[PDB]
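First, one chain by itself in structure tokens, the form deposited in one PDB entry.
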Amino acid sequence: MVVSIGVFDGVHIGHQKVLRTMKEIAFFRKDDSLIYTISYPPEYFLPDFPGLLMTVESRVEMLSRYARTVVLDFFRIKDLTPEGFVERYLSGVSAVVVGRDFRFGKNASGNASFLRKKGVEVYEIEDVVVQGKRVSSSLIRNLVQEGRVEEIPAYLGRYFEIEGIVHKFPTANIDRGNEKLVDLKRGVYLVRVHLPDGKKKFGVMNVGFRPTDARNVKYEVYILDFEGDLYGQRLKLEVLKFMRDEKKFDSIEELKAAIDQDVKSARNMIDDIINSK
């Protein structure tokens, strides 16, 4: 099979390059296509990891739009020798498509080189470069932490997204799940809210330390022109623009005022977008 192998956290434009190339290679080699997505990169378990751009589930759903997608369980492959990885995951595979410096097996002893020696052809995909920077999940995770959401589409191929369930003064508190995900810079954001039933609304989302565990961040959105409790429902939010830093108000009024100011600003932004016919 022609098999793409990588993490693909975020499925950014560099990943899309790998996947499109795999499909073309599959077409001319007349082989089938398969994407192996490693559940977590090794850095994920280290203390300073910023967090994934999205859950593995969201990721697989996106990868699946390109080809059959199989998750490689980090815990199941980290200890394998290069030999055992090939024997167990690449039997009958004649070609793999991976990014440069791809590594595998315990102590990262496996590489494209080793694969070629086992008769596998390896197509190493060069990184995609955007405005002088190499597109990578790390770069995108850093933009999220710096709240630089308008610059994200040029690297990710779309706006950064926050996703989760509600709950678990009307705002929807988004539970993003139990996976370690990158957090947006604390503050207020203009968001496009994809509700269930296909409706799309705009929202003003606040991101703030709500300690209650420490690097614990809360995501609550005030959806514009929408009532009805989405409590228990799944939401997806495109993070469009950083509006203002988080603030420490001195009691239920200047907050209200600040919020009112956020919505007002949002309304103006939306109206600007609309007028850009």
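Numbering starts at 1 and follows the sequence shown.
Another form exists, deposited with a small molecule bound; not displayed. Remarks below refer to it.
Look at 128-136, 108-116, 176-184, 83-91: in the entry with it bound, residues with non-hydrogen atoms within 4.5 angstroms of the small molecule sit in 128-136. In the entry with it bound, none of the heavy atoms of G147 sits within 4.5 Å of a heavy atom of the small molecule.
When the small molecule is considered in the entry with it bound, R100 lines it closely, a heavy atom lying within 4.5 Å. In the entry with it bound, the small molecule sits within 4.5 Å of a heavy atom of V18. For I5, a non-hydrogen atom is located within 4.5 Å of the small molecule in the entry with it bound, even though that partner is not displayed.
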